[PDB]
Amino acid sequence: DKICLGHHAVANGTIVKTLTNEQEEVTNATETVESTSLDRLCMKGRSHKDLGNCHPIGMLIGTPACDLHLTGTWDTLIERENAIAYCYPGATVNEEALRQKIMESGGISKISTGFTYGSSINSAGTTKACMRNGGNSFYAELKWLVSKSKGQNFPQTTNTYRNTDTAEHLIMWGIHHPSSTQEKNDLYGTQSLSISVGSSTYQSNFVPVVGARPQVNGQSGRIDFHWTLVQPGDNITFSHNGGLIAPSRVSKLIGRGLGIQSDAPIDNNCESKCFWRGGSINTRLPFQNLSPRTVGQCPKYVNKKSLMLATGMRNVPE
């Protein structure tokens, strides 16, 4: 003569937080914050270039390490720690901007400048800091011009690159800073050194630093690189009388790509959309507590070990 209504329960439920109760026991609950990383770079479905010990910028000027990466196409570009950009010591002005540009791109083409030099110029300057096949070499995309006759003055020289393509090119050049006035004379002469670089949307001048400093890779001299974009149809002129490291090629950045800085090994058998220094994050969860520095399409970083979503009623045990 009796019929009772009820609901299920379990022997040990799980604790969740509600708006009213920090400690509400429910039948079932599930994690909303990802705590697990895969410690590899999941590269499945991606056309990727691992730069090894080649630095993004190295790709533009032609450091020996980057000889296998002077041109190419990718949808994912992978930078490693301690990668080499500069065999000969120096830095690029606005380095981080350029690094990010290269890392936002999906490829690099190279186009020759066609720069020829008079018989009173030696275009074949090399160094022990950039070695190719056990011999003194130089950046593949550049030429180190010095006076043909040791000590005798370097002539006023004009070189113009014309961009005849339908897209903007990226041009780079270096300024050599000697380590002494003596070295400065042998290479370029006594005259004051003026390097004017001008397009229709850019101009600038450079005076080369002569002064003693530490040896880096056996060299006290420095080569500092500078860059600018050349628009379709526009010409860029190099008016120079010594100390210019002139481009033998220019670069063109193709398409869009995802830039990754990581030292986690490549895995072509998992796909992922989210990456960080320590590998890949592929979860369906909306939140993530592994790292604030991720790239791609990522779950949002939160400062929480755990957040449990109730997937069942209150647990009221027998």
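Each residue number is its position in the shown sequence, starting from 1.
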task: For the higher mean C-alpha B factor in the entry, choose 165-173 or 180-188.
output: 180-188
query: Of the two stretches 234-242 and 100-108, which shows the higher Cα B-factor on average in the entry?
result: 234-242
- prompt: From 83, 78, 193, 91, can you pick the one with the highest C-alpha B factor in the entry?
  reply: 193
message: Between 298, 307, 9, 302, which one tops the list for Cα B-factor in this entry?
response: 9
query: Once the chain's modelled residues are ordered by C-alpha B factor and cut into thirds, is residue 282 in the lowest, middle or highest one?
result: middle
query: Against its chain's modelled residues, does residue 269's Cα B factor rank lowest, middle or highest third?
result: highest
task: Report the third (lowest, middle or highest) to which the CA temperature factor of residue 144 belongs, ranking only the modelled residues of the same chain.
output: middle
- prompt: If you rank every modelled residue in this chain by C-alpha B factor, which third holds residue 248: lowest, middle or highest?
  reply: middle
statement: residue 137: CA temperature factor from the record, placed by chain third, in the middle
